[PDB]
Ligand SMILES: CCCCCCCCCCC(=O)OC[C@H](COP(=O)(O)OC[C@H](O)COP(=O)(O)OC[C@@H](COC(=O)CC)OC(=O)CCC)OC(=O)CCCCCCCC
Ligand SMILES: CCCCCCCCCCCCCCCCCC(=O)OC[C@H](COP(=O)(O)OCCN)OC(=O)CCCCCCCCCCCCC
Ligand code: HEM
Ligand code: HEM
Ligand code: HEM
Ligand SMILES: COc1c(O)c(C)c(C/C=C(\C)CC/C=C(\C)CC/C=C(\C)CC/C=C(\C)CC/C=C(\C)CCC=C(C)C)c(O)c1OC
Ligand SMILES: CCCCCCCCCCCCCCCCCC(=O)O[C@H](COC(=O)CCCCCC)COP(=O)(O)OCCN
Ligand SMILES: CO/C=C(/C(=O)OC)c1ccccc1Oc1cc(Oc2ccccc2C#N)ncn1
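Protein chains in written order, with the entry's author numbering: chain C, 1 to 385; chain H, 2 to 94; chain I, 5 to 58; chain F, 74 to 147; chain D, 62 to 309.
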């Protein structure tokens, strides 16, 4: 045989990106997974080169980042590609998960592939939280104060988890030094989960936008989907370059250019845009212990979808009622992000409580009821009785 | 190594679908075809029906949520002005 | 024929895309810098120093 | 040479729209002037300002002056 | 919140560095430093700017050497161990007017004037907010507003009560190139100088971005042609079904 199939290390390359059989009818939504692999390489490589110039002491952390912007050769390119690249990583990941909801990719036999992806999403959220602390701006200090104080409401162990997380009595110098060391490590755990994610995908292959079997017409990966992947790689890099060079502070907050002061509270404490819907869910529960449980339940409720979908058809292509309620769920997610950036005022308090209910009722009430009705309408529209 | 478990996809030659009989296919080399014959007859009629047979599943949920956000933003603006001062003490109870 | 003198011999099809890219860097950087400075004439420091000579 | 921003703000306060908004601030200014000579110095918890009328005149003058001020400056 | 607690919105002015192909006006930067030395520097520090960064941007090399030699800095101690002083050099940073924070609050009635090295990027509004604050002091506050003693009215400040007074008046600075120094001219120049202090890479970043966008646009348009060429055999494929004979 050829050397790409007989060698021990090249046969893994050949069976994944060269000779792997793809369904002939997948569209451009199936290109988001390879863009996420490019984003992870960009975040790791710009991370190492900035870490050669960074100091994690609380007296030196803010001035180290200003030293990178002013004194390091091409240092402003390294930071702006890193900060804007984190926002592009979350946008591609949101579209990748929404493709899986629409086409039914979570269903059997791909449940293990969907469960490993939910773990990856949790680790990415924790990574971006720890890197934002390392700036030690004014939004960095008070955002870490709000989130770490949530864990003291846990019964019997709460007041000792928080001081074990602080290394002291508040957010201080041991907190920033341990948060930078954890920030180095978790992207390497993410890279190992991506390898386990690709092993489960190799077993069954990909789905297709019609929802039915792809075993009857396959084309190989090399020179068809390699060149289709190049179209979205160059479009991604062009839009990212327009943000890095021409508008580099649009997706950030101007309060993060003030150094962290534990005696002055800002007028508004706002997270980054990709964490705003989970911030509005937390502020809609008045009790403090039930608010942090509901905040973590908003991620873990993705695991109930293989059991609450009752349809005998995979995907949303031929279902008009499931199409309508999918886009109700999408614009509800955008509204929750907008409520999370407002003040706690009338009428945004009641609007956030209704939108929180609609988020959880989609997974647990709407999907099993609508998919049961669509099973029966397909039957009685054909059977003569 | 040991043999694996039972899956629903194979490889080239044993892919795992039904048996095929009676289907013929034809194709022409890309080197013998006309170069780039799409922007027209695809932006004429094809790239309008592909979304405007689908536009009503997107814009009815978009119009519901845009009407709800715009109505709540004008009510918050009224409550913190001079004319909406008396209603503001009533609804913060 | 001009396929077989430019893109057949793939000892230099890897080569010419590796050597045409070397001279490409200096001509491209000279053309943009000249356009960028002429669009902003009268505002640079060299246009200021020429009449803060006093 | 006098201040160029003061000249442009003087001109647009005497347009047909500027006379209406200068007049609306003047009627609230006397309503506070009657109000501050009764019993009611430390009373009433609800004493009035003219900030909203002042903000309406400043927002009109800003959309007229700003796209044309920097042509008059070196 | 009310409109007074948020602050009045700052309008958009036609700054000559707005746009993807524009640089700073370097004559406006040079006049802006003179407004800093004669007005602002009595109470504000500029701690993140070194003397060497001004060479080739607003001043010549021997002009900056004479400017830094009018301040004295700490030196290494002598052979007995007693401290010394020395005049400044190009490696030093621009010094501030106060030794510590407690001396700064004691000179300004308890208020602390912030460092201005990053003030354009640290406020919502940017150059438009800094310009509108300086030229936006009314002669008297609106009717009803009672300021505490020691504060001043400015509608662009959130809350309306600011601890700094109006500092710019007509013809308080004599310019070198002969520009008339009105209030609007001096506020425009010092805002341009403060934007360079926050973004010194600005002229280089826009030149490097033009080369990157042109190269990445060409690679995007070429990849569409190459993908459509290599897919044309699949896209025009045809199928025909003839039902097979039974009994097999
Ligand atoms: C954020 C930074 C990441 C940047 C890169 C991410 C790209 C995300 C875009 C979303 C996506 O991936 O799905 C795209 C989908 C179309 O999928 P399809 O296979 O049915 O269309 C094949 C086409 O007919 C032939 O396309 P063809 O291959 O013939 O030509 C390529 C085309 C550009 O293609 C692309 O760039 C794909 C993104 O070139 C031209 O337009 C020629 C004129 C210059 O579009 C749709 O289904 C609906 C359209 C609107 C979607 C926008 C929603 C965004 C939230
Ligand atoms: C906990 C995490 C929760 C994650 C939630 C994620 C929410 C983030 C929002 C992501 C938006 C992605 C929506 C689209 C998802 C892709 C899947 C899909 O909807 O299919 C494409 C759809 C089908 O089109 P066809 O009918 O032609 O194809 C059928 C197959 N033969 O064709 C279409 O209709 C495409 C139309 C797309 C319009 C969507 C507008 C989204 C606006 C969001 C803006 C957000 C920033 C403000
Ligand atoms: C999946 C990978 C990563 C993500 C999502 C991520 C995210 C972030 C974010 C959001 C910030 C704050 C940026 C800002 O607003 O200024 C940050 C800062 C930082 N990160 Fe990362 N990061 C990743 C990987 C890494 C790695 C692997 C390293 C080091 C080896 C690293 C080193 C740094 C440093 C030094 C900073 C501070 C400098 C700065 O503010 O840009 N990052 N990171
Ligand atoms: C760094 C993060 C990730 C990487 C690198 C990655 C990579 C990939 C790749 C390359 C594919 C195959 C091509 C494609 O369908 O796009 C894929 C498929 C898939 N991924 Fe991911 N992924 C990531 C995160 C996630 C997340 C967060 C989820 C869900 C919560 C997820 C769920 C899935 C599913 C269900 C499929 C199968 C889709 C189908 O067959 O139709 N992945 N992934
Ligand atoms: C042209 C000269 C000056 C400029 C451009 C300037 C600039 C600024 C800026 C941008 C602020 C921040 C406002 C904000 O927080 O939004 C500020 C605050 C302040 N400045 Fe000035 N400054 C100047 C001169 C002065 C002078 C001469 C004094 C004192 C005699 C002074 C004292 C203060 C004080 C006390 C504050 C804090 C006010 C507060 O927080 O309420 N400044 N200045
Ligand atoms: C269904 O069919 C498919 C399919 O459709 C796709 C898209 C893929 C696509 C595959 C991918 C997208 C690969 C996934 C991406 C990763 C696993 C990236 C992992 C990240 C790393 C390995 C990061 C490592 C980075 C470094 C080591 C850089 C370190 C920096 C250094 C050394 C600085 C240099 C130091 C000095 C001193 C100069 C398939 O494999 C596949 O088959 C299953
Ligand atoms: C932690 C995740 C691990 C993921 C593994 C992914 C695989 C990554 C490999 C990427 C491609 C590497 C190309 C290897 C080149 C061919 C291998 C080879 O030359 O083997 C040998 C020679 O031995 C070597 O010198 C090994 C070189 C070390 C390579 C370290 C990078 C070729 O000779 P051989 O005839 O034995 O090959 C048949 C093997 N079954
Ligand atoms: C250090 O501050 C980090 C912030 C940030 O945005 O990081 C990227 C932040 C800033 C201000 C306010 C809050 C901030 O952090 C966060 C953190 C956060 O975390 C979760 C997200 C989803 C589910 C659970 C949690 C938690 N805890 N959800 C929302 N905001």
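Every residue gets a Cβ at the ideal spot worked out from N, C-alpha and C, and that includes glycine.
Check	Outcome
Against chain H, does residue 252/D count as a neighbour if the rule is that its beta carbon must be under 7 Å from one of theirs?	no
Counting pairs of Cβ atoms below 8 Å between the region 310-323 of chain C and the region 98-105 of chain C, do you hit three or more?	yes
What are the boundary residues of the alpha helix (DSSP H) that includes residue 306/C?	305-308
Who are the Cβ neighbours of residue 340/C in its own chain at under 7 Å, not counting the five residues just before and after it?	276, 277, 279, 280
Check whether the Cβ atoms of residue 245/C and residue 270/D sit closer than 7 Å, and answer yes or no.	yes
Would you say residue 187/D lies against chain F (beta-carbon separation less than 7 Å)?	no
Can you pull the chain F residues whose beta carbon is under 9 Å from the beta carbon of residue 65/D, in chain order?	122, 124, 125, 128
How long is the line joining the alpha carbons of residue 139/C and residue 121/F, rounded to whole angstroms?	36 Å
Is residue 271/D close to chain I, meaning its C-beta is less than 7 Å from at least one C-beta of that chain?	yes
Comparing C-alpha positions only, which one of 360/C, 334/C, 362/C, 366/C sits nearest to residue 63/H?	334/C
With a threshold of 7 Å between beta carbons, is residue 234/D in contact with chain C?	no
Take residue 106/D and list the residues in its own chain whose beta-carbon comes closer than 6 Å to its own, dropping the five residues that flank it on each side.	157, 176
So, does the region 162-172 of chain D touch the region 135-154 of chain D, judging by three or more C-beta pairs under 8 Å?	no
The alpha helix (DSSP H) spanning residue 322/C covers which residue range?	320-339
Hey, how far is the Cα of residue 97/F from the Cα of residue 129/F?	9 Å
Does the region 192-199 of chain C come close enough to the region 113-124 of chain C that 3 or more CB-CB pairs lie under 8 Å?	yes
Rounded to a whole number of angstroms, what is the C-alpha to C-alpha distance between residue 223/D and residue 50/I?	41 Å
As a quick exercise: from 359/C, 354/C, 325/C, pick the residue whose alpha carbon is nearest that of residue 370/C.	325/C
Return the first residue and the last residue of the beta strand (DSSP E) that residue 25/H is part of.	24-27
If distances are taken between C-alpha atoms only, which option among 93/D, 154/D, 126/D comes closest to residue 242/D?	93/D
Just to confirm my understanding: we take residue 72/C, look at its own chain, exclude 5 residues before and 5 after, and list those with CB closer than 8 Å. What are they?	53, 78
Establish whether the CB of residue 18/H and some CB of chain D are separated by less than 7 Å.	no
Since residue 137/C and residue 258/C should fall inside the 8 Å C-beta cutoff, what is the C-beta to C-beta distance between them, to a whole number of angstroms?	6 Å
For residue 12/I, decide whether its Cβ has a neighbour in chain D, counting only Cβ atoms nearer than 7 Å.	no
Hey, residue 89/D and residue 253/D: beta-carbon distance below 7 Å or not?	yes
So residue 75/D contacts chain I; which residues on that side make the cut at Cβ distance below 8 Å?	In chain order: nothing, as chain I lies at least about 15 Å away.
Taking buried to mean at least 16 other C-beta atoms within 10 Å of its own C-beta, is residue 7/I buried or exposed?	exposed
Smallest Cα separation from residue 225/D: which of 104/D, 68/D, 74/D?	104/D
Count the other CB atoms within 10 Å of the CB of residue 197/D; is the residue buried (16 or more) or exposed (fewer)?	buried
Determine the closest residue to residue 300/D out of 11/H, 24/H, 18/H, with distance taken between C-alpha atoms.	24/H
With a cut-off of 7 Å, does the C-beta of residue 92/F fall near any C-beta of chain D?	no
Need the endpoints of the beta strand (DSSP E) that residue 147/C sits in, please.	Careful: residue 147/C lies outside any beta strand (DSSP E), inside the alpha helix (DSSP H) at 138-148.
Roughly how many whole angstroms lie between the Cα atoms of residue 67/D and residue 109/F?	27 Å
For residue 190/C, which residues of its own chain have a beta-carbon under 8 Å away from its beta-carbon, when the five flanking residues on both sides are left out?	40, 120, 123, 124, 127
Would residue 282/D and residue 241/C qualify as a contact pair, given that the criterion is a beta-carbon distance under 7 Å?	no
Run through the region 36-92 of chain C for me and flag every whole alpha helix (DSSP H) of 4 or more residues, listed as ranges in chain order.	61-70
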